[PDB]
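K.L.:
Please see the structure below; I have some questions.
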Amino acid sequence: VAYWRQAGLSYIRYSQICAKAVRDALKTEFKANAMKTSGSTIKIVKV
Amino acid sequence: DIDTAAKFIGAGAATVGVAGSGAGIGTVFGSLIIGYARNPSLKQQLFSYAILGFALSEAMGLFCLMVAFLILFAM
Amino acid sequence: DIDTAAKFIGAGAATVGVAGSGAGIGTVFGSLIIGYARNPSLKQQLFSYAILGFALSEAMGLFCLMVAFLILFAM
Amino acid sequence: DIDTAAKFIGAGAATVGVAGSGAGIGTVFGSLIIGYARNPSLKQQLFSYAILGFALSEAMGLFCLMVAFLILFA
Amino acid sequence: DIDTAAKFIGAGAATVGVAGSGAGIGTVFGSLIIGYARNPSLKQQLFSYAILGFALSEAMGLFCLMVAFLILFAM
Amino acid sequence: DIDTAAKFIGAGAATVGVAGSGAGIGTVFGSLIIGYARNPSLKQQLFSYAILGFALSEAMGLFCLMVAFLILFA
Amino acid sequence: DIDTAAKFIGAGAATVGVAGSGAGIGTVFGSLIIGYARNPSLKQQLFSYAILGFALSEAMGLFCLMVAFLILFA
Amino acid sequence: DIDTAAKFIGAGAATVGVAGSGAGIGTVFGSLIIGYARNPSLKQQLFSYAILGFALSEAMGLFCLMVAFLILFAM
Amino acid sequence: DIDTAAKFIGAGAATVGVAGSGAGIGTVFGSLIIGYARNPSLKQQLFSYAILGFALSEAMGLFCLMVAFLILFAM
Amino acid sequence: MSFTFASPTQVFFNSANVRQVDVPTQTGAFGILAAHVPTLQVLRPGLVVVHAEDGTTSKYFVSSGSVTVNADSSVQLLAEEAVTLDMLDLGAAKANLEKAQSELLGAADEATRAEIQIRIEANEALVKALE
Amino acid sequence: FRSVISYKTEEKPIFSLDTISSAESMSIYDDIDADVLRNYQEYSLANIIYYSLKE
């Protein structure tokens, strides 16, 4: 029960943040294809 | 006085038995450490059980300890 | 007389076997702690076993204590 | 007499060795607890190996007490 | 004389009991290593419980030393 | 003779060694419980090595036993 | 002499307690091996713990032998 | 002969060293069971190190036993 | 002859103590075994500090053995 | 052992055979050999140094995911972000660690604190990875 | 997808933590705390959804 679990952050949030971190450490030589294929696009529509 | 010799030697031999009490308290405390680390949620219940084991071995140590105390006072 | 002291010498040497009982009780009541920490949903069976082990090892502890007190008072 | 005192010493010492058998019972039973928590679907075999280990520890304990009762009363 | 001889025998067979406390602290700190390796997010609580275990285990150990000391100095 | 009393004393003191074998068997069989609980599919070889360890700890137990009767009954 | 013979007996007896300190030290270092093979990203802290424990347990066994060597000549 | 009484007493007292070896070896091979269970394809390396530990615990054990045996016969 | 016997008795009561270091050695080497079972990638480090633990407990074993020989031969 | 190490975008090992693996996890790293006991551990920001059947051992940083050690001795190592080491800037990793700590205090909520702690931990594991 | 002309509709199962941590089938799996299943399922849900999105 790591710290972020009792914080309420779902494990997907943790993976999102770790992946974003490892992306920010990528060289801008590769940030080209890192930035694309990375961003989320889906919007939500409620009931 | 061989009576006093027996009293003191017996008290010294009886007080050693608390080695089991020492090992038991140590292993119980270590087990509580591991249990809290793995599952911090049940901290309270685990600590209660640890205190129970603590006391239930302290009583067995107090058995020999009180034997020695009784020898010291009475016999 | 020497034997009026040898009785108590032997009994004091005998009582020390309770270290094994103490260590065993502590080990079992640490295993209880961590077993409950890992899998809380099996608590009742864990405790049912724990009592079995406690009684069954303090039984040998009390065998030692009975040997001692039989040397002391009953013979 | 001195052999009576020697026999008393024999009891007092020889019985102590049972501490190891008692502690071994304690450890094997703690292992029972751990294994059962880990693999509850083997309860029966857990009791099997538990009683096996207990028998193999009471072997040592009863050797201790037999030596005591043979030095003392025999 | 045998009074002094009895005192020396008693101290020798009494100060032994601290071996069990030594095993206890060894187990406590081994479980401390395991507990830290598990969750470094609890270091302060782990320290608290471990020093508590050391205090309340060396306290158990010290009684045989105290018994021998009282027997020697002031009988 | 008094030296027979000394033999009794020595044998009683020696009989404390049994404790090591007792505790060793306890922990070996506990670890066998663990290794058969975590990985049931090695039961066979795990038990083989567990009985090996039982044998080599009963070794200490029985050598203490035999030496106790050798000093007692040389 | 009676009293000096008992001095020697008491010294030899007092210097047994070291067994517990040695076993506990072995436990501390085996546990360091485990907790380091698990999480090798805290090596510094793990060694801090293990050495502090070694010092502590060695010291307590040394207190037992301190009782031994003070009863020897005091 | 009183010195022979001492011989027998000392031999019987110092043959207890096998206790620690028995306990340590039991722990060693239990850990071997666990380690081979977790990672069965290192059974050969695990048994190499297990035999190392066995031999090098019984080494000190029988070292003490041989010292006590030389005490026994050929001091 | 009383001191001659007491010397051997104390020598035995000192050569017993190393059994605990033997148990500790068994513990640390089993720990090496299972730690290498878990994380074989740290073979070098694991073995190198397992041997250090071995020698470090051999320290205390030698400590008691030298105590015994000192009492037996040089007072 | 049938190893399969993959990322949402690229596949490194597909049913490939490698002798030994060194995976991180949420409960401290460990290793995998042919018949390792089955497990369902998830990953932690770290680096997996796959030991090829021969001498070569190749180190891939992984940021999160899941390791499954199979019943039949195989392995699935899925990583949300599996980058070989050279693609990373160690200086940038340390700088990110330092900044993330900088905004550590500015967390009015506990969940925000956990967020910054997550990024900080990942960045530091990166910093150690690149040395 | 199967070929430029071929696509077959499919349905795949999603299991919850209660359903997956109460089955004898996967008892053997080791080291599985009651929490690591929560994380593993939280991740496998997104994982299957992403696979379906691509297909």
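In the structure tokens, each chain is lettered A, B, ... as it comes, each chain's residues begin at 1, and ligands are numbered from 1 in order of appearance.
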Least-squares superpose chain F onto chain G - every C-alpha atom, paired in order - and show me the moved coordinates as a JSON list (two decimals) with N, CA and C atoms, in the first residue's frame.

P.N.:
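Written file, part19.json:
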[["chain", "number", "residue", "atom", "x", "y", "z"],
["F", 1, "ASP", "N", 42.77, -21.03, 46.67],
["F", 1, "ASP", "CA", 41.60, -21.28, 47.57],
["F", 1, "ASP", "C", 40.46, -21.90, 46.77],
["F", 2, "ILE", "N", 39.55, -22.58, 47.46],
["F", 2, "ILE", "CA", 38.44, -23.23, 46.77],
["F", 2, "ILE", "C", 37.54, -22.18, 46.12],
["F", 3, "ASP", "N", 37.40, -21.01, 46.74],
["F", 3, "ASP", "CA", 36.54, -19.98, 46.17],
["F", 3, "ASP", "C", 37.05, -19.53, 44.81],
["F", 4, "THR", "N", 38.36, -19.64, 44.56],
["F", 4, "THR", "CA", 38.88, -19.40, 43.21],
["F", 4, "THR", "C", 38.38, -20.47, 42.24],
["F", 5, "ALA", "N", 38.28, -21.71, 42.70],
["F", 5, "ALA", "CA", 37.66, -22.75, 41.88],
["F", 5, "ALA", "C", 36.21, -22.39, 41.57],
["F", 6, "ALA", "N", 35.50, -21.84, 42.56],
["F", 6, "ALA", "CA", 34.13, -21.39, 42.32],
["F", 6, "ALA", "C", 34.10, -20.26, 41.31],
["F", 7, "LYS", "N", 35.08, -19.36, 41.37],
["F", 7, "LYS", "CA", 35.16, -18.30, 40.37],
["F", 7, "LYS", "C", 35.34, -18.88, 38.98],
["F", 8, "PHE", "N", 36.20, -19.90, 38.86],
["F", 8, "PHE", "CA", 36.40, -20.55, 37.57],
["F", 8, "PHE", "C", 35.09, -21.16, 37.07],
["F", 9, "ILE", "N", 34.37, -21.84, 37.97],
["F", 9, "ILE", "CA", 33.11, -22.47, 37.59],
["F", 9, "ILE", "C", 32.12, -21.42, 37.10],
["F", 10, "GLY", "N", 31.99, -20.33, 37.85],
["F", 10, "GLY", "CA", 31.07, -19.28, 37.47],
["F", 10, "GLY", "C", 31.43, -18.63, 36.15],
["F", 11, "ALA", "N", 32.72, -18.35, 35.94],
["F", 11, "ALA", "CA", 33.14, -17.74, 34.69],
["F", 11, "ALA", "C", 32.88, -18.66, 33.51],
["F", 12, "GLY", "N", 33.16, -19.95, 33.68],
["F", 12, "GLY", "CA", 32.85, -20.89, 32.61],
["F", 12, "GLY", "C", 31.37, -20.92, 32.29],
["F", 13, "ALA", "N", 30.53, -20.94, 33.32],
["F", 13, "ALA", "CA", 29.09, -20.92, 33.09],
["F", 13, "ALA", "C", 28.66, -19.63, 32.39],
["F", 14, "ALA", "N", 29.22, -18.50, 32.82],
["F", 14, "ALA", "CA", 28.86, -17.22, 32.22],
["F", 14, "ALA", "C", 29.23, -17.19, 30.75],
["F", 15, "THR", "N", 30.40, -17.72, 30.40],
["F", 15, "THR", "CA", 30.89, -17.67, 29.03],
["F", 15, "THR", "C", 29.92, -18.29, 28.03],
["F", 16, "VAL", "N", 28.88, -18.99, 28.50],
["F", 16, "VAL", "CA", 27.84, -19.47, 27.60],
["F", 16, "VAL", "C", 27.04, -18.32, 27.00],
["F", 17, "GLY", "N", 27.02, -17.15, 27.65],
["F", 17, "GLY", "CA", 26.23, -16.04, 27.14],
["F", 17, "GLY", "C", 26.67, -15.58, 25.76],
["F", 18, "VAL", "N", 27.96, -15.73, 25.45],
["F", 18, "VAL", "CA", 28.50, -15.35, 24.14],
["F", 18, "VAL", "C", 27.63, -15.87, 23.00],
["F", 19, "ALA", "N", 26.93, -16.99, 23.23],
["F", 19, "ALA", "CA", 26.15, -17.61, 22.17],
["F", 19, "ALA", "C", 25.07, -16.67, 21.66],
["F", 20, "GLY", "N", 24.44, -15.92, 22.56],
["F", 20, "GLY", "CA", 23.38, -15.02, 22.14],
["F", 20, "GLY", "C", 23.88, -13.99, 21.16],
["F", 21, "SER", "N", 25.01, -13.35, 21.47],
["F", 21, "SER", "CA", 25.58, -12.38, 20.55],
["F", 21, "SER", "C", 25.97, -13.05, 19.24],
["F", 22, "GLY", "N", 26.52, -14.26, 19.31],
["F", 22, "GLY", "CA", 26.90, -14.94, 18.07],
["F", 22, "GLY", "C", 25.72, -15.16, 17.15],
["F", 23, "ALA", "N", 24.63, -15.72, 17.69],
["F", 23, "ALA", "CA", 23.45, -15.98, 16.88],
["F", 23, "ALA", "C", 22.82, -14.67, 16.40],
["F", 24, "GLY", "N", 22.81, -13.65, 17.25],
["F", 24, "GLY", "CA", 22.26, -12.38, 16.85],
["F", 24, "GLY", "C", 23.02, -11.77, 15.68],
["F", 25, "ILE", "N", 24.35, -11.83, 15.73],
["F", 25, "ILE", "CA", 25.14, -11.33, 14.61],
["F", 25, "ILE", "C", 24.84, -12.14, 13.36],
["F", 26, "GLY", "N", 24.78, -13.47, 13.50],
["F", 26, "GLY", "CA", 24.47, -14.29, 12.35],
["F", 26, "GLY", "C", 23.19, -13.85, 11.67],
["F", 27, "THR", "N", 22.12, -13.72, 12.45],
["F", 27, "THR", "CA", 20.83, -13.39, 11.84],
["F", 27, "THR", "C", 20.80, -11.95, 11.35],
["F", 28, "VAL", "N", 21.46, -11.02, 12.04],
["F", 28, "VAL", "CA", 21.48, -9.64, 11.59],
["F", 28, "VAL", "C", 22.16, -9.54, 10.23],
["F", 29, "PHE", "N", 23.31, -10.20, 10.08],
["F", 29, "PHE", "CA", 24.01, -10.12, 8.81],
["F", 29, "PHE", "C", 23.28, -10.90, 7.73],
["F", 30, "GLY", "N", 22.57, -11.96, 8.10],
["F", 30, "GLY", "CA", 21.72, -12.62, 7.13],
["F", 30, "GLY", "C", 20.61, -11.72, 6.63],
["F", 31, "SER", "N", 19.96, -11.00, 7.54],
["F", 31, "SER", "CA", 18.94, -10.04, 7.13],
["F", 31, "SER", "C", 19.55, -8.91, 6.32],
["F", 32, "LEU", "N", 20.80, -8.54, 6.59],
["F", 32, "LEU", "CA", 21.45, -7.55, 5.73],
["F", 32, "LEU", "C", 21.68, -8.10, 4.34],
["F", 33, "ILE", "N", 22.09, -9.36, 4.23],
["F", 33, "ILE", "CA", 22.17, -9.99, 2.92],
["F", 33, "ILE", "C", 20.82, -9.89, 2.22],
["F", 34, "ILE", "N", 19.75, -10.22, 2.94],
["F", 34, "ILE", "CA", 18.42, -10.20, 2.34],
["F", 34, "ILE", "C", 18.06, -8.79, 1.88],
["F", 35, "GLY", "N", 18.26, -7.79, 2.74],
["F", 35, "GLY", "CA", 17.88, -6.43, 2.43],
["F", 35, "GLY", "C", 18.75, -5.77, 1.39],
["F", 36, "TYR", "N", 19.96, -6.27, 1.19],
["F", 36, "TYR", "CA", 20.80, -5.81, 0.10],
["F", 36, "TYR", "C", 20.55, -6.58, -1.19],
["F", 37, "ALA", "N", 19.94, -7.76, -1.09],
["F", 37, "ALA", "CA", 19.58, -8.52, -2.28],
["F", 37, "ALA", "C", 18.26, -8.03, -2.87],
["F", 38, "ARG", "N", 17.24, -7.91, -2.03],
["F", 38, "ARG", "CA", 15.93, -7.49, -2.51],
["F", 38, "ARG", "C", 15.96, -6.07, -3.04],
["F", 39, "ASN", "N", 16.62, -5.17, -2.32],
["F", 39, "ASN", "CA", 16.65, -3.74, -2.66],
["F", 39, "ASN", "C", 18.10, -3.28, -2.62],
["F", 40, "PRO", "N", 18.85, -3.53, -3.69],
["F", 40, "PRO", "CA", 20.27, -3.13, -3.69],
["F", 40, "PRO", "C", 20.48, -1.64, -3.47],
["F", 41, "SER", "N", 19.50, -0.81, -3.79],
["F", 41, "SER", "CA", 19.67, 0.64, -3.78],
["F", 41, "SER", "C", 19.48, 1.26, -2.40],
["F", 42, "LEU", "N", 19.61, 0.48, -1.33],
["F", 42, "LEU", "CA", 19.62, 1.02, 0.02],
["F", 42, "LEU", "C", 20.86, 0.55, 0.78],
["F", 43, "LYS", "N", 21.71, -0.20, 0.08],
["F", 43, "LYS", "CA", 22.96, -0.69, 0.60],
["F", 43, "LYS", "C", 23.57, 0.12, 1.74],
["F", 44, "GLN", "N", 23.70, 1.41, 1.50],
["F", 44, "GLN", "CA", 24.35, 2.30, 2.47],
["F", 44, "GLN", "C", 23.64, 2.28, 3.82],
["F", 45, "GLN", "N", 22.39, 2.75, 3.83],
["F", 45, "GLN", "CA", 21.66, 2.85, 5.08],
["F", 45, "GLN", "C", 21.41, 1.48, 5.69],
["F", 46, "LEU", "N", 21.18, 0.47, 4.85],
["F", 46, "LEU", "CA", 21.00, -0.88, 5.37],
["F", 46, "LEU", "C", 22.24, -1.33, 6.12],
["F", 47, "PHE", "N", 23.43, -1.08, 5.55],
["F", 47, "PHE", "CA", 24.66, -1.45, 6.23],
["F", 47, "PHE", "C", 24.86, -0.64, 7.50],
["F", 48, "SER", "N", 24.47, 0.64, 7.47],
["F", 48, "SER", "CA", 24.57, 1.45, 8.68],
["F", 48, "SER", "C", 23.77, 0.83, 9.82],
["F", 49, "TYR", "N", 22.52, 0.47, 9.55],
["F", 49, "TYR", "CA", 21.70, -0.12, 10.60],
["F", 49, "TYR", "C", 22.18, -1.53, 10.95],
["F", 50, "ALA", "N", 22.75, -2.26, 9.99],
["F", 50, "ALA", "CA", 23.30, -3.57, 10.30],
["F", 50, "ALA", "C", 24.49, -3.47, 11.24],
["F", 51, "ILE", "N", 25.39, -2.51, 11.02],
["F", 51, "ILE", "CA", 26.50, -2.34, 11.95],
["F", 51, "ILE", "C", 25.99, -1.83, 13.29],
["F", 52, "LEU", "N", 24.94, -1.01, 13.30],
["F", 52, "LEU", "CA", 24.32, -0.64, 14.57],
["F", 52, "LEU", "C", 23.89, -1.88, 15.35],
["F", 53, "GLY", "N", 23.16, -2.78, 14.68],
["F", 53, "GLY", "CA", 22.72, -4.00, 15.35],
["F", 53, "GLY", "C", 23.88, -4.89, 15.77],
["F", 54, "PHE", "N", 24.90, -5.00, 14.91],
["F", 54, "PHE", "CA", 26.10, -5.71, 15.31],
["F", 54, "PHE", "C", 26.67, -5.14, 16.59],
["F", 55, "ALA", "N", 26.75, -3.81, 16.68],
["F", 55, "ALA", "CA", 27.28, -3.19, 17.88],
["F", 55, "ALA", "C", 26.43, -3.55, 19.09],
["F", 56, "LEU", "N", 25.11, -3.48, 18.94],
["F", 56, "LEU", "CA", 24.25, -3.67, 20.11],
["F", 56, "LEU", "C", 24.04, -5.14, 20.48],
["F", 57, "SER", "N", 24.51, -6.08, 19.66],
["F", 57, "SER", "CA", 24.56, -7.49, 20.05],
["F", 57, "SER", "C", 25.94, -7.91, 20.56],
["F", 58, "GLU", "N", 27.00, -7.46, 19.89],
["F", 58, "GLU", "CA", 28.31, -7.49, 20.50],
["F", 58, "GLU", "C", 28.28, -6.85, 21.87],
["F", 59, "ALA", "N", 27.33, -5.94, 22.12],
["F", 59, "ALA", "CA", 27.16, -5.40, 23.46],
["F", 59, "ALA", "C", 26.90, -6.52, 24.47],
["F", 60, "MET", "N", 25.92, -7.38, 24.19],
["F", 60, "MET", "CA", 25.65, -8.50, 25.09],
["F", 60, "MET", "C", 26.85, -9.43, 25.16],
["F", 61, "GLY", "N", 27.46, -9.72, 24.01],
["F", 61, "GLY", "CA", 28.61, -10.61, 24.02],
["F", 61, "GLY", "C", 29.73, -10.09, 24.91],
["F", 62, "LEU", "N", 30.07, -8.81, 24.76],
["F", 62, "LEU", "CA", 31.19, -8.23, 25.49],
["F", 62, "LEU", "C", 30.84, -7.98, 26.94],
["F", 63, "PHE", "N", 29.58, -7.70, 27.26],
["F", 63, "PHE", "CA", 29.22, -7.53, 28.66],
["F", 63, "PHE", "C", 29.27, -8.87, 29.38],
["F", 64, "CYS", "N", 28.85, -9.95, 28.72],
["F", 64, "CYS", "CA", 29.05, -11.28, 29.28],
["F", 64, "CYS", "C", 30.53, -11.57, 29.48],
["F", 65, "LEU", "N", 31.34, -11.22, 28.48],
["F", 65, "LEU", "CA", 32.79, -11.42, 28.56],
["F", 65, "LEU", "C", 33.39, -10.66, 29.74],
["F", 66, "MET", "N", 33.06, -9.38, 29.85],
["F", 66, "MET", "CA", 33.60, -8.54, 30.91],
["F", 66, "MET", "C", 33.15, -9.02, 32.28],
["F", 67, "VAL", "N", 31.89, -9.43, 32.41],
["F", 67, "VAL", "CA", 31.41, -9.92, 33.70],
["F", 67, "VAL", "C", 32.07, -11.26, 34.04],
["F", 68, "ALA", "N", 32.33, -12.08, 33.02],
["F", 68, "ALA", "CA", 33.04, -13.33, 33.26],
["F", 68, "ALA", "C", 34.42, -13.07, 33.84],
["F", 69, "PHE", "N", 35.17, -12.13, 33.24],
["F", 69, "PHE", "CA", 36.45, -11.77, 33.84],
["F", 69, "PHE", "C", 36.33, -10.96, 35.13],
["F", 70, "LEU", "N", 35.20, -10.31, 35.38],
["F", 70, "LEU", "CA", 35.05, -9.60, 36.65],
["F", 70, "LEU", "C", 34.83, -10.57, 37.80],
["F", 71, "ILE", "N", 33.96, -11.56, 37.60],
["F", 71, "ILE", "CA", 33.79, -12.60, 38.61],
["F", 71, "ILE", "C", 35.05, -13.45, 38.71],
["F", 72, "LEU", "N", 35.72, -13.69, 37.59],
["F", 72, "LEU", "CA", 36.97, -14.45, 37.61],
["F", 72, "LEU", "C", 38.13, -13.61, 38.13],
["F", 73, "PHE", "N", 38.15, -12.32, 37.80],
["F", 73, "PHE", "CA", 39.25, -11.43, 38.15],
["F", 73, "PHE", "C", 38.73, -10.11, 38.71],
["F", 74, "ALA", "N", 37.88, -10.20, 39.73],
["F", 74, "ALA", "CA", 37.39, -9.01, 40.42],
["F", 74, "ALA", "C", 38.55, -8.15, 40.92]]

K.L.:
Give me, as a list in words, the contact residues of chain C against chain F at a cut-off of 10 Å, counting only C-alpha atoms.

P.N.:
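Those within range of chain F come out as residues 13, 17, 20 and 24 of chain C.
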
K.L.:
Can I get the selected residues back with N, CA and C atoms, as a PDB file, in the first residue's frame?

P.N.:
ATOM      1  N   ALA C  13      18.977 -26.726  37.659  1.00  0.00           N
ATOM      2  CA  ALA C  13      19.472 -27.073  36.331  1.00  0.00           C
ATOM      3  C   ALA C  13      18.329 -27.506  35.421  1.00  0.00           C
ATOM      4  N   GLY C  17      15.187 -25.712  30.899  1.00  0.00           N
ATOM      5  CA  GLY C  17      14.656 -26.167  29.626  1.00  0.00           C
ATOM      6  C   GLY C  17      13.523 -25.308  29.104  1.00  0.00           C
ATOM      7  N   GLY C  20      13.501 -23.106  25.671  1.00  0.00           N
ATOM      8  CA  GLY C  20      12.942 -23.580  24.417  1.00  0.00           C
ATOM      9  C   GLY C  20      11.471 -23.249  24.282  1.00  0.00           C
ATOM     10  N   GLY C  24       9.936 -20.803  21.429  1.00  0.00           N
ATOM     11  CA  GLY C  24       8.912 -21.313  20.536  1.00  0.00           C
ATOM     12  C   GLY C  24       7.649 -20.479  20.572  1.00  0.00           C
TER      13      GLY C  24
END

K.L.:
Determine which residues of chain K sit within 8 Å of chain A, taking into account only C-alpha atoms, and present them as a PDB file with C-alpha atoms, in the first residue's frame.

P.N.:
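So the final result, stored in iface_20.pdb, reads:
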ATOM      1  CA  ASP K  35      -2.704  -4.950  -3.172  1.00  0.00           C
ATOM      2  CA  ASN K  39      -2.395  -2.481  -9.263  1.00  0.00           C
ATOM      3  CA  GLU K  42      -5.819  -1.401 -12.744  1.00  0.00           C
ATOM      4  CA  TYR K  43      -3.081  -1.713 -15.369  1.00  0.00           C
ATOM      5  CA  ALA K  46      -6.035   0.035 -19.540  1.00  0.00           C
TER       6      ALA K  46
END

K.L.:
Could you jot down the atom CA of residue 104 of chain J to atom CA of residue 88 of chain J separation for me, Å, one decimal place?

P.N.:
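Separation between atom CA of residue 104 of chain J and atom CA of residue 88 of chain J: 23.5 Å.
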
K.L.:
Define the interface residues of chain C facing chain K as those within 12 Å, counting only C-alpha atoms, and report them as a list in words.

P.N.:
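Contact residues on the first chain: residues 35, 36, 37, 38, 39, 40 and 41 of chain C.
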
K.L.:
Chain K: which residues are alpha helix (DSSP H) by DSSP, as JSON, numbers by chain?

P.N.:
{"K": [17, 18, 19, 20, 36, 37, 38, 39, 40, 41, 42, 43, 44, 45, 46, 47, 48, 49, 50, 51, 52, 53, 54]}

K.L.:
If we count only C-alpha atoms and set the cut-off at 10 Å, which residues sit around residue 66 of chain I, ignoring sequence neighbours fewer than 6 positions away in its own chain? Please answer as a list in words.

P.N.:
residues 11, 14, 15, 60 and 72 of chain I

K.L.:
Would you mind reading off the distance between atom CA of residue 68 of chain C and atom CA of residue 7 of chain E, one decimal, in Å?

P.N.:
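Separating atom CA of residue 68 of chain C from atom CA of residue 7 of chain E is a distance of 22.1 Å.
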
K.L.:
Any idea what's packed within 12 Å of residue 51 of chain H, counting only C-alpha atoms, ignoring anything in its chain fewer than 3 positions away? Could you give it as a PyMOL selection string?

P.N.:
(chain F and resi 49+52-53+56) or (chain H and resi 25+28-29+32+43-48+54-59) or (chain I and resi 26+29-30+33)
